[PDB]
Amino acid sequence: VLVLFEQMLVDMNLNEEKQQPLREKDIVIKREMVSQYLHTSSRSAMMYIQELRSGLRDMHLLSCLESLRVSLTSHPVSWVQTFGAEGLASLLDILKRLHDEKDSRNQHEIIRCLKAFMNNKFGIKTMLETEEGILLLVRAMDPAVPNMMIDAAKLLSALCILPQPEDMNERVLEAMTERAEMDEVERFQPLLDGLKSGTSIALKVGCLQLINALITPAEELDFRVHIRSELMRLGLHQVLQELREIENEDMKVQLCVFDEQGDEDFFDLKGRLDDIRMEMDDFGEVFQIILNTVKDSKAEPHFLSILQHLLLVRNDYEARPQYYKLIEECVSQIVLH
């Protein structure tokens, strides 16, 4: 009698909170709802896959996509089920096609579809099972198309948060390396271009959110400092002064998460430096660590190059102590933010 009501609620993608005022409506209203739920079960998912494979272009593609988005947003989760992997696949093929040919509205609309597709358990699962799903999301982070970036970013941020499949932040980062190494640009460059003054606050908030989401779930302090200093190198420190200014409640929460994490990481890494300074108090000690630990490693060529860079100043120079004191400050700010 109320059994078909229980499934309706689940099929409308509502949590226990959002179900509550619906569970209180009297049997009379509940009975009319289930009927108009059974009636609403517009063209089918099959027709959309049909069209997505039918070579739509510009304006005609957009209409289709706008119409798919509504379906993915407004129909029961079960309709989304019918769309499923098959529909996601063809939806992702078009996204690729669009990248392979010099509308950003068509690109944006597929992401709007993706957003609706992923607001439910099934949607996220199916997206995670794709080979090219997360890369295509990363590639949609165009600072030239702010609204698409915000949408891509927000979805990407929700994936990093995911405990269920392990190391989702590493899966996102992986995808960001992949798009960087095809675009021939720095992997975190879009994130920083999004934070430039002139961009919208919503985009700024999105970028920091993703930055935070990449760093937060990381348990290893080396990982956190590693990506943070990769950020810092592309000038994050200075753009961060700018954002510390703008009076927005959403930006302040994201700066706050970032600063709290950078502080705790500073503390830990400073503790590591106090320890190294207690034990390895002279060159012999320090040289042994390099020979044991860095020499014959994959790290050898880079560490050697740092050493070499430190020796371009002449022995004669009357101010090398001072120079090296300045370099030390620079290296220090790089390693310890």
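For every residue, the number given is its place in the sequence shown, counted from 1.
Chemist: Can you count, per the entry, how many deposited residues between residue 41 and residue 42 come without coordinates? Answer none, 1 to 3, 4 to 9, or 10 or more.
Modeler: The entry leaves 4 to 9 residues without coordinates here.
Chemist: Between residue 102 and residue 103, how many deposited residues lack coordinates (none, 1 to 3, 4 to 9, 10 or more)?
Modeler: According to the record, 4 to 9 deposited residues lack coordinates from residue 102 to residue 103.
Chemist: Look up the CA B-factors in the entry and say which stretch, 69-77 or 90-98, has the higher mean.
Modeler: Stretch with the greater average CA B-factor: 90-98.
Chemist: Which has higher Cα B-factors on average according to the PDB entry: 327-335 or 2-10?
Modeler: Mean B over CA atoms: larger for 2-10.
Chemist: Of the choices 302, 309, 295, 31, which one's C-alpha carries the largest B-factor in the record?
Modeler: Most elevated C-alpha B-factor of the set, per the entry: 31.
Chemist: When the CA B-factors of 151, 247, 222, 109 are compared as recorded in the entry, which is the largest?
Modeler: Comparing C-alpha B-factors across 151, 247, 222, 109, the maximum falls on 247.
Chemist: Looking at the C-alpha B-factor of residue 195, is it in the lowest, middle or highest third of its chain?
Modeler: Highest third of the chain for residue 195's C-alpha B-factor.
Chemist: Relative to the other modelled residues of the same chain, rank the CA B-factor of residue 226 and answer lowest, middle or highest third.
Modeler: Lowest third.
Chemist: Compare the C-alpha B factor of residue 290 with those of the other modelled residues in its chain, then answer lowest, middle or highest third.
Modeler: According to the entry, residue 290 has a C-alpha B-factor in the chain's lowest third.
Chemist: For residue 233, return the chain-relative third of its C-alpha B-factor as stated in the PDB record: lowest, middle or highest.
Modeler: For residue 233, the deposited C-alpha B-factor lands in the middle third.
Chemist: Could you say whether, by C-alpha temperature factor, residue 169 belongs to the lowest, middle or highest third of its chain?
Modeler: Middle third of the chain for residue 169's C-alpha B-factor.
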